[PDB]
Amino acid sequence: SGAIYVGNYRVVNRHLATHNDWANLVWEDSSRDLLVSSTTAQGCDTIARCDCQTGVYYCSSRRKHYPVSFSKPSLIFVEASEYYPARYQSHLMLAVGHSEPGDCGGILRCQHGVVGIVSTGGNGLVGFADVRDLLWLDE
Ligand SMILES: COc1cccc(Cl)c1CC(=O)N1CCC[C@H](C(N)=O)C1
Ligand SMILES: [Zn+2]
């Protein structure tokens, strides 16, 4: 679990969104595993606007932060689950690092701010849904 609180927005994995998130929907994209809902309180986080390929992510299944090198946001094949059929997930960045299903929502950050959230994983890899292109989160 985990979310990005920026201004009047809450960014979550679409597959973990709540009834409240869907009742206050701003935008969602199943192909990115992202959903953005509105909030009344002002958000605590800052978003990065960069092409960084190094950062640190929070891994709840180890209660630890890990430094990672990660790929550029791209279309990557993702196996079927109770949430989605087998498909290509866009804007996904892969890194070598530990992750388990409950790790989704963990934040990835670089020196410029929040880069994205854990969305996929498997066999020593971890995938992050990028949010750096969502310029409207700031305005
Ligand atoms: C961090 O996720 C891990 C880690 C290790 C192993 C596994 Cl199966 C996962 C879970 C995972 O990749 N899923 C299930 C939830 C929907 C995801 C998606 N389509 O964006 C795909
Ligand atoms: Zn950066």
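Basis for what follows: all heavy atoms, side chains included, without hydrogens, waters or symmetry-related copies. The chain is numbered in sequence order, starting from 1.
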Is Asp138 paired with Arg49 through a side-chain N to carboxylate O contact shorter than 4.0 Å?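 So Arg49 pairs with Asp138 through a salt bridge.
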
Kindly give the heavy-atom pair with the smallest separation between [X] and [Y], and that separation in Å.
| X | Y | result |
| --- | --- | --- |
| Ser90 | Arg32 | OG-CG, 3.4 Å |
| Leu34 | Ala129 | CD2-CB, 3.8 Å |
| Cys110 | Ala48 | SG-CB, 3.7 Å |

Measuring only between side-chain heavy atoms, which start at C-beta, is [X] closer than 4.5 Å to [Y]?
| X | Y | value |
| --- | --- | --- |
| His91 | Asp133 | yes |
| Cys104 | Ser1 | no |
| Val12 | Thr18 | no |
| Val114 | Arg109 | yes |
| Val11 | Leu137 | yes |

Could you give the distance from [atom1] ([X]) to [atom2] ([Y]), rounded to the nearest 0.5 Å?
| X | Y | atom1 | atom2 | value |
| --- | --- | --- | --- | --- |
| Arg87 | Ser81 | CZ | OG | 7.0 Å |
| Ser119 | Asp130 | OG | CG | 11.5 Å |
| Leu92 | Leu75 | CG | CG | 9.0 Å |
| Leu134 | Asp29 | CG | CG | 9.0 Å |
| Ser31 | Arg14 | OG | CZ | 9.5 Å |
| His112 | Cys52 | NE2 | SG | 5.0 Å |

Please check this pair: side chain of [X] against backbone of [Y], looking for a donor-acceptor N/O pair closer than 3.5 Å.
| X | Y | answer |
| --- | --- | --- |
| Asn13 | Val118 | yes |
| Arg10 | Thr39 | no |
| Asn8 | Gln42 | no |
| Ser38 | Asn24 | yes |

Could you walk me through whether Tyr57 and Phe70 satisfy the side-chain contact (heavy atoms from CB on, under 4.5 Å) test, starting with their C-alpha distance in whole Å, then the side-chain angles of each, then the deciding distance to 0.1 Å, before giving a yes or no? CA-CA 11 Å; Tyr57 79 107; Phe70 54 92; over 6 Å; no

Test log, rule side-chain contact (heavy atoms from CB on, under 4.5 Å), inputs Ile107 and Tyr58: CA-CA 6 Å; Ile107 284 173; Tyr58 181 68; 5.7 Å; no

With a 4.5 Å cut-off on side-chain heavy-atom distances among I, L, V, M, F, W and Y, is there a chain of contacts connecting [X] to [Y]?
| X | Y | answer |
| --- | --- | --- |
| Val115 | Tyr66 | yes |
| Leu35 | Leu135 | no |
| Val26 | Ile117 | yes |
| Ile47 | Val36 | yes |
| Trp22 | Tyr83 | no |

With side-chain contact (heavy atoms from CB on, under 4.5 Å) as the test, would you mind laying out the steps for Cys50 and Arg132 before giving the verdict? CA-CA 7 Å; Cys50 65; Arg132 301 177 281 187; 3.7 Å; yes

Show, in sequence, the C-alpha distance, side-chain angles and deciding distance for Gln89 and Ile76, and conclude whether the side-chain contact (heavy atoms from CB on, under 4.5 Å) test is met. CA-CA 5 Å; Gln89 178 166 318; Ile76 292 172; 5.8 Å; no

Quick one: do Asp21 and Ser37 satisfy side chain to side chain donor-acceptor pair (under 3.5 Å)? Show the steps, please. CA-CA 5 Å; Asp21 283 318; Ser37 68; 2.6 Å; yes

Can you give the donor-acceptor pairs under 3.5 Å from side chains of residues 94-103 to other protein atoms, not counting sequence neighbours?
| unit_1 | atom_1 | unit_2 | atom_2 | d |
| --- | --- | --- | --- | --- |
| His98 | NE2 | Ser61 | OG | 3.1 |
| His98 | NE2 | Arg62 | NH1 | 3.4 |
| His98 | NE2 | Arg62 | NH2 | 3.3 |
| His98 | NE2 | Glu100 | OE2 | 2.8 |
| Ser99 | OG | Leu125 | O | 3.1 |
| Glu100 | OE2 | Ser61 | OG | 3.4 |
| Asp103 | OD1 | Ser60 | N | 3.0 |
| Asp103 | OD1 | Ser60 | OG | 2.6 |
| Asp103 | OD1 | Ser61 | N | 2.8 |
| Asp103 | OD2 | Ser61 | OG | 2.8 |
| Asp103 | OD2 | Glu100 | N | 2.8 |

Please work out which of the three classes, parallel, tilted or perpendicular, describes the rings of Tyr88 and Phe77, given edges at 30° and 60°.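 Aromatic pair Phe77/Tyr88 classed perpendicular.
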
